[PDB]
Protein chains: 2
Amino acid sequence: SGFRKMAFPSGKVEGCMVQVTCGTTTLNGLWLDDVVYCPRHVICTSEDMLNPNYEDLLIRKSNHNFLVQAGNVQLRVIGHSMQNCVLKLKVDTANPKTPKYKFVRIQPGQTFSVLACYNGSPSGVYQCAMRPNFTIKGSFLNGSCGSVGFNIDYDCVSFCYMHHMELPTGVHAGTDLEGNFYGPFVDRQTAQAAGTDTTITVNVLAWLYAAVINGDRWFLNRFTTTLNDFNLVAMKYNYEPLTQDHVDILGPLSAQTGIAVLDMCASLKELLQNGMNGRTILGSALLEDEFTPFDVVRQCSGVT
Amino acid sequence: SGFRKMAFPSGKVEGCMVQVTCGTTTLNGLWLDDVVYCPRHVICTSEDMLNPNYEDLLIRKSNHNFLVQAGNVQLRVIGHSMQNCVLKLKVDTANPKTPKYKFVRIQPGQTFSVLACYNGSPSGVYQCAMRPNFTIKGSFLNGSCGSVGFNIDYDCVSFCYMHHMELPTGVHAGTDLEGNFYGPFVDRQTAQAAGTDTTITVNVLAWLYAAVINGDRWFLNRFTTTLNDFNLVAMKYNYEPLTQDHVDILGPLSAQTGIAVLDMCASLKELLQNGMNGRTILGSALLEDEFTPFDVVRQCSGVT
Ligand SMILES: N#Cc1cncc(CC(=O)Nc2cccnc2)c1
Ligand SMILES: N#Cc1cncc(CC(=O)Nc2cccnc2)c1
């Protein structure tokens, strides 16, 4: 019993964190096999960040200008290349702690764990979600760039995010491990505004199922609805539209609790229209949307 | 920017998790040096749990009855002893991944990270606090016993909790690493009720300071108060009394923000009396109390 915002154990990723310094800029790198991945803005001075031409800035850099340190020991850089917004620094030593891994590009609404680092050293781990506007609400200070987001399936780490930027509003933007930003963001110190941060409806429903499994049932009502009726209310409350694919994904939770997905939608619809009335669900006074249906099943079944 | 419920990186603790089986009961153990620590209720059948006499049950157990497995390899048990509610199994091999460590007994209000495990395998990490009634609100299923709570100061892990029990209300109870329960709980399948779960006032104030540092300032008001006036309102709302020791501990946050501690108390007093009015602070609709002043400083300064 109990339901917590839970991150994956971070050990496998801690073994990959390195410090990358170029000139006077220091950030984090991810060392997998004999390649260190890091945000390409490591080559920029704060002045260059205003309007950088990365290809031009990279011409003035050689392998020896990239300083990579793993723990208190230096790695030898024998090659470097830019792939989209990340630099790949080939080193002469394969990371002995390289876990089994994949690079994945996640969809909005998907959750992942972040190992926040400074100077190639891990400081903390937290769970978050790719927002529908392709930002993430993280906890990152100057020096955190290159910190990564990941999910783990038994022994294989799927890396899905690398931190690059803080928008003027204090929300975060980054890339997948191929260097492509999530959303329309660019690695430039220019004002970029995020779109509407809508609520991830399928995740709220999964979390309402987690609440029922854990004894929080006060919000269950005597109504049902349809996908079209629910979605009219969802649009009004800036919730993402629910599709039959989302209903399918909630099937295991529906089966476990005996609550039809559309009945849970009707409970959610009344919570949107009536509010919580000072009550809480799983210790929260608002509807939580950073647990996917897969996360609820995993946490409630104890997947290791 | 951004403020997250952040756990310590769990790698150092992942390297200590083992599976302990006695008869038909399997739970988690913590392997430090040549000792494996685990809840003494590993020797109980579900029937024994109703009214166990641990000393009597232990007479029927020998070293070879305790099966300890680290990864997919078996450890040889060469000694066993009971210390309060934990068993200490001496093994013939010192854990090669033993980090620098201490055993600490925390006070209510203190926070720590939990590495939730099943069959000696880590499944997740989350942050929580020792409640003022000496329970913890965790996320633990059958098989999670022996999962541990810890804090890390640079490279030294201070273990403060080991999971033992779920109360009939779904809240959790456990011991320090010397086997002494936090609070009045006992390792017996008998109905035990928790006392009032009051709000950790000094932590709410620390989190209001974190909110100001991150731009959430709407709740700042034009008032101040005194410790005695604030505490009259705190008692009424089931908040822990604030002492001058708490005011002292909030000094660094007061200095950083320029908001006197008593002025922040007056903002908190108005939030208690007026409510949030549908507003949020750091993405929360209720006042968060599982961040200590030390956690706020650490997260806001990027301690690794
Ligand atoms: N890419 C990119 C980029 C562009 N302009 C500026 C930066 C620096 C930056 O965003 N800093 C920081 C600070 C706190 C949290 N996260 C990131 C990065
Ligand atoms: N000590 C002790 C004890 C006493 N009676 C019963 C138990 C078993 C128990 O509490 N199970 C469990 C299940 C889910 C989360 N946490 C713990 C343990």
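Proteins come first, then strands; the chains are lettered A, B, ... in the order of their sequence lines, and each starts at number 1.
Heavy-atom pairs under 4.5 Å with chain B were tallied for A:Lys12, A:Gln127, A:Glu166; the largest tally goes to A:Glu166. Contact count against chain B (heavy-atom pairs under 4.5 Å) is highest for A:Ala7 among A:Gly11, A:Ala7, A:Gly170. Counting heavy-atom pairs closer than 4.5 Å to chain A, the top-ranked of the candidates B:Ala285, B:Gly2, B:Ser1, B:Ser10 is B:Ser1. When B:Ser123, B:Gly215, B:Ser121 are compared by the number of non-hydrogen pairs under 4.5 Å with chain A, B:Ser123 comes out ahead. The most heavy-atom pairs under 4.5 Å with chain B, out of A:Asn214, A:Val125, A:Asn142, come from A:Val125.
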Original post:
Taking it one step at a time, do A:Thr304 and B:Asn119 satisfy side-chain contact (heavy atoms from CB on, under 4.5 Å)?
Top reply: CA-CA 9 Å; A:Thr304 59; B:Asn119 302 118; 5.9 Å; no
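Residue contact with chain B, scored on non-hydrogen atoms closer than 4.5 Å, involves the backbone and the side chain of A:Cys128 alike. Contact of B:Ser301 with chain A is made through the backbone alone, with heavy-atom distances under 4.5 Å. For A:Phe3, the part lying under 4.5 angstrom from a heavy atom of chain B is the backbone only.
No more than 12 heavy-atom neighbours from other residues, nucleotides or ligands sit within 6.0 angstrom of CG on B:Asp153.
Side-chain atoms of B:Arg4 never come within 3.5 Å of backbone atoms of A:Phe140 as a donor-acceptor pair (strictly under, hydrogens ignored). Within the 3.5 Å criterion, the main-chain N or O of A:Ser139 finds no donor-acceptor partner in the side chain of B:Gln299.
The minimum heavy-atom distance between A:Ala116 and B:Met6, with the atom names listed, is CB-CE, 4.5 Å.
The contact list for residues 276-284 of chain B toward chain A, using heavy atoms and a distance under 4.5 Å, reads B:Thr280, B:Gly283, B:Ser284 by residue number.
Remark: B:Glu288 does not engage A:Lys5 in a salt bridge, criterion side-chain N to carboxylate O under 4.0 Å.
The side-chain heavy atoms of A:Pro9 and B:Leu115, taken from C-beta on, include a pair separated by under 4.5 Å.
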